[PDB]
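Enquirer: Protein chains in written order, with the deposited numbering: chain C, 118 to 266; chain D, 120 to 266; chain A, 1 to 366; chain B, 1 to 366. This is the structure, below, for whatever I ask next.
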Amino acid sequence: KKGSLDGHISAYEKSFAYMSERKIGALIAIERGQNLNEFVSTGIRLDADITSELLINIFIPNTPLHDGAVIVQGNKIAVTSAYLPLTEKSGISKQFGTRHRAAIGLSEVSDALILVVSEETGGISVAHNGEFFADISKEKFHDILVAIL
Amino acid sequence: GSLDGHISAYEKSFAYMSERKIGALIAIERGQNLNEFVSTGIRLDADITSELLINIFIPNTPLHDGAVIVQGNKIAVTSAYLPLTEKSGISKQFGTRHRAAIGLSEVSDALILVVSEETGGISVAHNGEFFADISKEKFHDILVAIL
Amino acid sequence: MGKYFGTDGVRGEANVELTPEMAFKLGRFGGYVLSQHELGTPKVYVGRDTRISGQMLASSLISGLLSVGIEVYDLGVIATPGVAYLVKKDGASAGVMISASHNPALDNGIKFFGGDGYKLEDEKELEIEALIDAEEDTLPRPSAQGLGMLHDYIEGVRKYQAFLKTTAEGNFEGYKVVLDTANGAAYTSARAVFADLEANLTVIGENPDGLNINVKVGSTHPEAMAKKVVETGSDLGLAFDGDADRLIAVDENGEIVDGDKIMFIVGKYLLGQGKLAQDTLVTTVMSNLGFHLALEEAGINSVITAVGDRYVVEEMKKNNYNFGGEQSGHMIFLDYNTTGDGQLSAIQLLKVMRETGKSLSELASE
Amino acid sequence: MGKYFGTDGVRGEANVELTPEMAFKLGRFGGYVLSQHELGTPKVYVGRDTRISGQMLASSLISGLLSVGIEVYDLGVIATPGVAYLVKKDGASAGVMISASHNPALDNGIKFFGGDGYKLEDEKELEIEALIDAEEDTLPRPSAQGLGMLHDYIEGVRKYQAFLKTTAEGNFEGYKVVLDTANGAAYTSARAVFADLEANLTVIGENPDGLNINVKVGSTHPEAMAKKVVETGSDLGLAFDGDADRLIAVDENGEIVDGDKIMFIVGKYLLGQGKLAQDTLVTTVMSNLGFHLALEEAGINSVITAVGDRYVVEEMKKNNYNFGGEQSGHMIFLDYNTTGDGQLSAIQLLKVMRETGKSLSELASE
Ligand SMILES: Nc1ncnc2c1ncn2[C@@H]1O[C@H](COP(=O)(O)OP(=O)(O)OP(=O)(O)O)[C@@H](O)[C@H]1O
């Protein structure tokens with residue numbers, strides 16, 4: 118948690134945008150009221166600081182870290198071998214795979230505000246702290262990440 | 120150090136990259152200086168596991184360029200340029216990445232992880248000497264001798 | 001062939017018959033044609049085989065299409081079926097692939113993968129012909145605003161690989177295979193695909209150097225992959241085409257398994273399992289006349305479409321059938337992928353050998 | 001002068017003055033005039049700015065490069081100094097930078113350099129214009145083996161980043177810097193060079209946008225860099241240009257420190273270390289009269305030539321000195337660079353301020 122992580126938020130936003138133009142759909146985390154570590158204890162974490170190259174090469178599909186989601190703490194994301202708990206409701210739009218529905222589940226159960234790039238839904242959408250938003254502007258994502266980073 | 124997990128993970132990652140023909144040239148240091156040549160490239164200081172190594176050495180990717188230099192029971196390098204060799208007996212069939220792996224044989228004091236991106240043959244040139252095209256058990260014996 | 005379109009796009013020799021400036025023109029005017037039929041900015045794809053002179057035509061067409069406004073994201077070195085599957089999966093409005101398959105290295109393909117997901121529609125070809133036929137180039141040339149940046153799509157190998165692992169339909173592990181890359185479309189994704197089934201892999205010609213495409217390996221002289229099958233002692237064979245569309249293989253004995261023979265094997269494994277829910281499968285009269293006799297003995301009804309897969313796909317869309325093709329090996333499982341895919345055909349054959357109990361030494365004997 | 005190529009090469013409005021088709025003609029014509037005097041297949045390198053239309057013309061030139069057999073191992077984000085240094089240390093035969101520099105995004109500028117280190121001479125551009133303006137078509141087209149294949153030199157930019165760091169010859173730590181790329185090409189080398197040098201990082205307009213290169217930030221609008229450096233307490237402020245051709249300085253007092261003051265500071269620092277010249281440093285007549293008066297009082301010999309950076313380079317090469325710089329900001333510090341290098345000039349200025357200890361406020365005394 119520093120200004121280096123504050124700029125790493127912008128770097129992660131740039132990586133998510135370059136994924137959105139290339140449909141590299143994955144899910145990430147930023148803790149927002151409780152630890153994800155109980156759900157983040159599944160695999161071999163990294164705790165390496167959030168860098169553009171590391172995430173942009175990690176969250177690609179058909180590779181050793183395609184499955185699951187990215188879990189983070191501090192200035193670092195704990196690799197990718199551990200996703201949060203999925204949802205339990207069905208009144209919301211059913212227009213996505215595990216990614217958007219499971220991130221909204223992390224909104225529903227955890228207090229998270231999780232950035233989750235969409236392959237099944239194309240763009241980037243934010244579910245946050247018991248609420249959500251869909252397909253928002255790049256400036257909205259940057260402002261949200263800077264505010265709740 | 121009793122690196123029965125670290126060397127096993129590096130061996131498993133190397134075999135996984137060799138069979139599927141993943142092209143890279145990685146390294147882990149030894150009892151001499153290796154940080155000055157490593158500070159040039161991008162930094163991750165990543166925790167060491169075989170799956171993350173296969174991820175970082177995946178071809179046509181963001182971190183797919185340059186060597187992977189490791190210190191201790193972890194890895195910290197991304198695209199840091201190693202010093203090339205000057206010995207005359209460099210194999211032309213050995214790649215320029217393999218030539219760079221041969222670079223460390225006289226300006227460092229360690230081994231490397233050399234995987235051919237054209238045929239997948241095994242290669243190592245450490246402590247001045249070398250060992251090439253070793254099998255999985257033979258490279259396992261090489262890493263046990265490294266420990 | 002229209003005013004400037006060939007049979008499956010543009011087929012010819014780069015910088016010998018076709019012109020690189022004409023390739024940029026067929027990119028730009030084609031971009032205008034694509035822009036004049038869809039609201040919003042058209043998002044397309046691009047692909048090319050590993051031909052030696054191939055990259056020049058793809059670069060010229062990518063530069064030409066970059067001006068018309070449709071920001072063509074490009075993904076070089078990938079299969080044509082992979083490019084089509086990515087175009088129909090990620091949400092593309094168009095696509096491009098470049099491959100010539102059975103032809104020698106003196107020519108390279110140019111194929112505009114249409115927005116439908118099948119081959120390019122007639123209206124798109126007519127519009128591209130019109131915009132390359134008129135004299136003036138009246139396309140809207142954006143100076144700064146509206147220009148399309150070239151976003152590289154180097155992750156295009158990953159999605160096309162991911163279409164194979166879903167089409168595995170169970171593991172192909174344990175068996176021993178031979179995959180001759182033929183310095184073509186198999187040089188990028190097919191080695192990782194056949195390895196991704198966790199089987200023993202023996203590759204031939206997987207170190208392409210550009211000018212080695214379709215030379216002494218592949219669907220032009222399959223005796224070499226059979227000699228490698230005999231020496232390596234693997235069970236089944238696999239010898240891809242130039243664009244990973246066609247398929248052929250040698251058995252563990254070394255003989256030649258026909259494309260209609262692979263069709264009969266896949267059809268028996270289908271009609272036994274009930275997956276081919278349109279059980280009267282399509283067929284081509286370009287195969288041997290005894291192949292239809294074998295089909296009639298097998299108890300599967302067959303129709304006759306013209307030589308080539310265009311009218312085959314047309315009849316597949318007309319009468320709503322799933323499997324049907326020529327004798328080249330295009331086992332186009334239309335319920336599993338977009339179009340002719342040699343990797344998908346090899347995956348289906350591996351599934352047949354895995355589930356049928358009997359090995360490949362008994363499937364082709366029907 | 002050439003009809004399109006001029007002083008700083010060819011600079012015309014994209015898709016208005018120089019057509020991209022003419023660029024695909026120009027790259028091939030430049031190849032067919034590049035391979036005249038070398039032996040074998042000669043090599044080159046290419047770089048460009050961050051403009052959205054910059055990628056289109058560079059892609060067209062790369063497409064034309066595969067017409068006469070010009071093998072390219074190039075990049076897409078570097079300064080003209082980067083391509084010059086790569087040409088000097090790579091032993092290649094050509095180097096081209098695609099950028100319109102200080103102008104707006106409505107035009108792009110393609111100019112081929114000289115492999116020796118300076119710009120290309122009169123004969124090269126004259127023969128290229130002769131080839132382009134020739135009515136007929138005589139450029140050979142390599143179809144068989146002999147045509148090259150393009151390669152990515154993404155690891156090659158690290159050489160340009162290290163060489164400037166090597167030419168610094170001293171850490172840039174301590175002096176808290178505020179770099180100003182301002183949607184140029186310094187987002188690829190300057191940020192990494194300063195971060196490796198243990199300096200301070202605060203960059204305004206460091207993110208390229210496509211139509212924001214040299215727009216309301218940079219060499220043609222230095223207000224934002226000075227404002228942010230004053231607001232963030234920067235002890236030193238430096239700014240670059242779109243093509244990084246010039247260099248401008250942001251003082252601690254919130255004023256504007258220009259190229260004449262930069263040249264005076266560099267000349268005094270080289271006078272202290274005994275590396276200015278024999279006795280004479282070059283000078284453009286467009287500098288302020290106070291600058292030349294302070295130079296005359298300083299005692300270093302001043303020579304005035306024709307207005308223009310090309311005349312500055314010619315005077316530097318003829319007068320056997322080792323420095324030359326016009327008040328716009330193009331400073332040929334040939335003791336560490338092949339040609340005009342804004343980043344190397346800023347590195348030399350920061351090392352001068354570190355070694356001498358003279359204040360940022362008093363650096364503009366002469
Ligand atoms: N000094 C170096 N430090 C780090 N990485 C290097 C160095 N030199 C080369 N490389 C790496 O190797 C690549 C070039 O090596 P090259 O691919 O020619 O060899 P190879 O893979 O061993 O052989 P082949 O090309 O025959 O498969 C570079 O792109 C880079 O990733």
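For each residue, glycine too, the CB sits at the ideal point set by N, CA and C.
1) Is any beta-carbon of chain B found at less than 9 Å from that of A/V16?
2) So, B/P222 versus B/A195, is the Cβ gap smaller than 9 Å?
3) Taking only runs of the alpha helix (DSSP H) that begin and end inside the region 165-211 of chain C, which ones reach a length of at least 4 residues, in chain order?
4) Using beta-carbon positions only, say whether B/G237 and B/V217 come within less than 9 Å of one another.
5) Would D/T180 pass as an interface residue toward chain A - the criterion being a Cβ-Cβ separation below 9 Å?
6) Can you tell me where the alpha helix (DSSP H) with D/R218 in it begins and where it stops?
7) Got a sec: is the Cβ-Cβ distance from D/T159 to anything in chain A below 9 Å?
8) Using the rule of at least 16 other Cβ atoms within 10 Å of the residue's Cβ for burial, across every protein chain shown, is B/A134 buried or exposed?
9) Run through chain B and tell me which residues come within less than 8 Å of D/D184, C-beta to C-beta.
10) Cutting at 6 Å between CB atoms, please list the residues of its own chain near D/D184, excluding the five before and the five after it.
11) Which residues, in order along the region 189-219 of chain A, keep a beta-carbon less than 9 Å from a beta-carbon of chain C?
12) Once the 5 residues before and after A/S101 are set aside, which same chain residues still bring their CB inside 6 Å of it?
13) Identify the residues that DSSP records as bridge partners of A/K176: which are they?
14) Do the region 136-145 of chain B and the region 322-329 of chain B meet, that is, are 3 or more Cβ pairs less than 8 Å apart?
15) Measuring straight from C-alpha to C-alpha, what distance separates A/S35 and D/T238?
16) Could you give the first and the last residue of the continuous alpha helix (DSSP H) run that contains B/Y160?
17) Please go through the same chain and pick out, in chain order, the residues whose beta-carbon is closer than 6 Å to the beta-carbon of A/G76, but skip the five residues on each side of it.
18) B/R48 CB to nearest chain A CB: under 9 Å?
19) Quick test of the definition: if touching needs 3 or more C-beta pairs under 8 Å, does the region 153-162 of chain A touch the region 16-26 of chain A?
20) Quick one: what does DSSP say A/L238 is sitting in, helix, strand or coil?
21) At least one CB of chain D closer than 9 Å to the CB of B/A186: is that the case?
22) Please list the partners that A/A144 has in chain B, where partner means a Cβ-to-Cβ separation under 7 Å.
23) Among A/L164, A/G31, A/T305 and A/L360, which has the Cα closest to the Cα of A/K43?
24) What whole-angstrom Cβ distance do B/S302 and B/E296 have, given they're in contact under 8 Å?
25) Counting Cβ pairs closer than 8 Å, one from the region 185-204 of chain C and one from the region 216-227 of chain D, do we hit at least three?
26) Whether or not the region 188-208 of chain A and the region 124-141 of chain D are in contact is what I'm after, with contact meaning three or more pairs of Cβ atoms, one per stretch, closer than 8 Å; do they touch?
27) Per DSSP, what are the beta-bridge partners of B/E13 in this structure?
28) How far does the alpha helix (DSSP H) with A/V33 in it extend, from its first residue to its last?
29) Let me know if C/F250 comes out buried or exposed under the rule of 16 or more other beta-carbons within 10 Å of its beta-carbon.
30) Can you list, in chain order, the residues of its chain whose CB lies under 8 Å from that of A/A224, leaving out five sequence neighbours each side?
31) With a CB to CB cut of under 7 Å and the five nearest residues on each side skipped, what residues in its chain are close to B/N207?
32) Measure how close the beta-carbons of B/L344 and B/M353 come, nearest whole angstrom, since I'm counting them as under 8 Å.
33) Does the beta-carbon of A/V203, which I'm using as the reference point, lie nearer than 8 Å to any heavy atom of ligand 1?
34) Along the chain, which unbroken stretches of the alpha helix (DSSP H) at least 4 residues long are found entirely within the region 289-334 of chain B?
35) State yes or no: is the C-beta of B/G117 within less than 9 Å of the C-beta of B/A84?
36) Give me the residue from B/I52, B/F172, B/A185 and B/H151 with the minimum Cα distance to B/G357.
Expert: Considering the structure as presented:
1) A/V16 counts as touching chain B.
2) Contact check for B/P222 against B/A195 fails: the beta carbons are separated by 9 Å or more.
3) Taking only runs of at least 4 residues, the alpha helix (DSSP H) segments lying wholly in the region 165-211 of chain C are 169-175.
4) Against a cut-off of 9 Å, the Cβ pair of B/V217 and B/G237 comes out as no contact.
5) When Cβ-Cβ separations below 9 Å define contact, D/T180 makes contact with chain A.
6) Going by DSSP, D/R218 is part of the alpha helix (DSSP H) stretching over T215 to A220.
7) No, D/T159 does not count as interfacial toward chain A.
8) Its Cβ having fewer than 16 others within 10 Å, B/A134 is exposed.
9) Neighbours of D/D184 on chain B, chain order: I154 and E155.
10) Hits under 6 Å: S198.
11) Across the region 189-219 of chain A, CB contacts with chain C closer than 9 Å involve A192 and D196, in sequence order along the chain.
12) Closer than 6 Å at Cβ, skipping near neighbours: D241, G242 and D243.
13) For A/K176, which the question treats as bridged, DSSP gives the partners A/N200.
14) As far as the Cβ criterion goes, the region 136-145 of chain B does not touch the region 322-329 of chain B, which means the pair count is below three.
15) Roughly 45 Å separates the two Cα atoms.
16) For B/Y160, the enclosing alpha helix (DSSP H) begins and ends at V157 to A168.
17) Cβ neighbours of A/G76 within its own chain (closer than 6 Å, five residues either side excluded): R48.
18) By this cut-off, B/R48 is not an interface position.
19) Because the criterion of three Cβ pairs below 8 Å is not met, the region 153-162 of chain A and the region 16-26 of chain A do not touch.
20) It is a strand residue.
21) No, B/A186 does not count as interfacial toward chain D.
22) Those within 7 Å of A/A144 in chain B are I52, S53, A105, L106 and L211.
23) For the set A/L164, A/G31, A/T305 and A/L360, the Cα lying nearest the Cα of A/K43 is the one of A/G31.
24) Their Cβ separation, rounded to whole angstroms, is 6 Å, which keeps B/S302 and B/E296 in contact under 8 Å.
25) Counting Cβ pairs under 8 Å, fewer than three are found: no touch.
26) The region 124-141 of chain D, when compared against the region 188-208 of chain A, does touch it at the 8 Å Cβ threshold.
27) Bridge pairing for B/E13: B/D107 [DSSP].
28) Boundaries of the alpha helix (DSSP H) harbouring A/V33: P20 to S35, taken from the DSSP string.
29) Exposed, because fewer than 16 other Cβ atoms sit within 10 Å of the Cβ of C/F250.
30) Closer than 8 Å at the Cβ level, and outside the excluded window around A/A224, lie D180, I204, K216 and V217.
31) So no residue of the chain qualifies.
32) About 15 Å; that fails the 8 Å criterion.
33) No, the Cβ of A/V203 stays beyond 8 Å of every heavy atom of ligand 1.
34) Qualifying alpha helix (DSSP H) stretches, in chain order: 289-298 and 309-318.
35) Yes; because the gap between Cβ atoms is below 9 Å, this pair is in contact.
36) It is B/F172.
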